[PDB]
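Visitor: Below you'll find the structure I mean.
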């Protein structure tokens, strides 16, 4: 998976 | 409830006697929590974010309560800047993006 | 629309002349697009998340159109593996999370 922004 | 995005979509989760603050992240496939201990055997895994890949420790069919909505599933823990509830547990409580 | 979370929330947007597929994301503070060559002045910045930081060129007042709802705002161009629509812009079409 892909897991996202800071 | 309906939540708007002027602020971060942050909600209270109960993950077995503990209250945590996590982000409802539809841009995330899985659920990654900040390093905690959760009962059970764990498998070491690998997810990626905008920054690249990280190693996680994978915990299966674990019950989480998200603003009293019940879910049960894969829940991953590792080095995440925040606690994110992925699309895997979001679908269980039936969340959708409206506009 | 009413978009479900069974699959990544991929939608069509248009930038410059480009018609693109971006991921809708409540876990994104900003909008990030993969390398593209937009005309305009920029500022570098560093954005982070799982896996650390990546450098990005920051463009201001960029018109975007998310599934027929136009918006105008900031946009980060950088080597990200997916086009991401952050709350900067979700807030402008009136996207809401509902469960």
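Chains as they are written, first to last, in PDB author numbering: chain C, 1 to 6; chain A, 1 to 99; chain B, 1 to 99.
All residues carry an ideal CB built from backbone N, CA and C; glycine is no exception.
Starting from residue 32 of chain B, find everything on chain A with Cβ-Cβ shorter than 8 Å and list it in chain order.
Guide: Residue 32 of chain B sits at position 32 when you count from the first residue of the third chain. Under the 8 Å cutoff, chain A gives 50.
Visitor: Three or more beta-carbon pairs under 8 Å between the region 6-20 of chain B and the region 40-51 of chain B, yes or no?
Guide: At 8 Å Cβ cutoff, the stretches do not touch.
Visitor: Can you pull the chain A residues whose beta carbon is under 9 Å from the beta carbon of residue 60 of chain B, in chain order?
Guide: The count along the third chain starts at 1 and reaches residue 60 of chain B at position 60. None at all; the shortest Cβ gap to chain A is about 20 Å.
Visitor: Distance, Cα to Cα, residue 1 of chain B vs residue 99 of chain A?
Guide: Taking the first residue of the third chain as 1, we reach residue 1 of chain B at position 1. Taking the first residue of the second chain as 1, we reach residue 99 of chain A at position 99. Rounded to the nearest angstrom, the two C-alpha atoms are 6 Å apart.
Visitor: Going by the beta-carbon positions, is the gap between residue 38 of chain B and residue 84 of chain B smaller than 8 Å?
Guide: Numbered from its first residue, the third chain carries residue 38 of chain B at position 38. Numbered from its first residue, the third chain carries residue 84 of chain B at position 84. No, they are not a contact pair.
Visitor: Report yes if the CB atom of residue 13 of chain A is closer than 8 Å to the CB atom of residue 64 of chain A, and no otherwise.
Guide: Mapped onto the second chain, residue 13 of chain A falls at position 13. Mapped onto the second chain, residue 64 of chain A falls at position 64. Closer than 8 Å, so yes.
Visitor: 8 Å is my cut-off, CB to CB: does residue 22 of chain B come that close to chain A?
Guide: Taking the first residue of the third chain as position 1, residue 22 of chain B is located at position 22. It does not; no Cβ of chain A falls within 8 Å.
Visitor: Spatial neighbours of residue 3 of chain A within its chain, please: C-beta separation below 6 Å, excluding the five flanking residues on both sides.
Guide: Position 3 of the second chain holds residue 3 of chain A. Counting only Cβ-Cβ distances below 6 Å, and skipping sequence neighbours, we find 9.
Visitor: What residues in the region 67-87 of chain B have a beta carbon less than 8 Å from any beta carbon of chain C?
Guide: Within the region 67-87 of chain B, the residues whose Cβ lies closer than 8 Å to some Cβ of chain C are 81, 82, 84, 86, listed in chain order.
Visitor: Please check the pair residue 40 of chain B and residue 59 of chain B, which I expect to be a contact at CB under 8 Å, by giving their CB distance rounded to whole angstroms.
Guide: For the purposes of this step, residue 40 of chain B is identified with residue 40 of the third chain, where counting begins at 1. For the purposes of this step, residue 59 of chain B is identified with residue 59 of the third chain, where counting begins at 1. At roughly 5 Å, the Cβ-Cβ gap stays under 8 Å, so residue 40 of chain B and residue 59 of chain B are in contact.
Visitor: Using the Cα positions of residue 56 of chain A and residue 20 of chain B, report the straight-line distance between them to the nearest angstrom.
Guide: Your numbering for residue 56 of chain A matches position 56 in the second chain. Your numbering for residue 20 of chain B matches position 20 in the third chain. Computed Cα separation, rounded: 32 Å.
Visitor: What residues of chain D sit near residue 37 of chain B, judged by a beta carbon separation below 9 Å?
Guide: Considering every chain present, this structure includes no chain D. Its protein chains are C, A and B.
Visitor: Output yes or no for whether 8 Å exceeds the beta carbon distance between residue 47 of chain B and residue 71 of chain B.
Guide: One-based indexing of the third chain puts residue 47 of chain B at position 47. One-based indexing of the third chain puts residue 71 of chain B at position 71. No, Cβ-Cβ distance for residue 47 of chain B and residue 71 of chain B is not below 8 Å.
Visitor: Would you say residue 12 of chain A lies against chain B (beta-carbon separation less than 8 Å)?
Guide: Counted from its first residue, the second chain places residue 12 of chain A at position 12. No, no contact with chain B.
Visitor: Can you grab the Cα-Cα spacing for the pair residue 96 of chain B / residue 26 of chain A, in whole Å?
Guide: Numbered from its first residue, the third chain carries residue 96 of chain B at position 96. Numbered from its first residue, the second chain carries residue 26 of chain A at position 26. Computed Cα separation, rounded: 12 Å.
Visitor: Along chain B, which residues have their Cβ under 8 Å away from the Cβ of residue 2 of chain A?
Guide: Walking along the second chain from the start, residue 2 of chain A turns up at place 2. Within 8 Å Cβ-Cβ: 96, 97, 98.
Visitor: Since residue 42 of chain A meets chain B, which of its residues come closer than 8 Å, beta carbon to beta carbon?
Guide: The residue given as residue 42 of chain A occupies position 42 in the second chain. Chain B residues near residue 42 of chain A: none, gap ~18 Å exceeds 8 Å.
Visitor: Compare the beta carbon distance of residue 61 of chain B and residue 36 of chain B with 8 Å and say whether it is the shorter of the two.
Guide: The count along the third chain starts at 1 and reaches residue 61 of chain B at position 61. The count along the third chain starts at 1 and reaches residue 36 of chain B at position 36. Cβ atoms of residue 61 of chain B and residue 36 of chain B: not closer than 8 Å.
Visitor: Report all residues from its chain with a CB closer than 8 Å to the CB of residue 89 of chain A; omit the five preceding and five following residues, and keep chain order.
Guide: Within the second chain, the letter at position 89 stands for residue 89 of chain A. Answer for residue 89 of chain A: 31, 64, 66, 71, 73, 75, listed in chain order.
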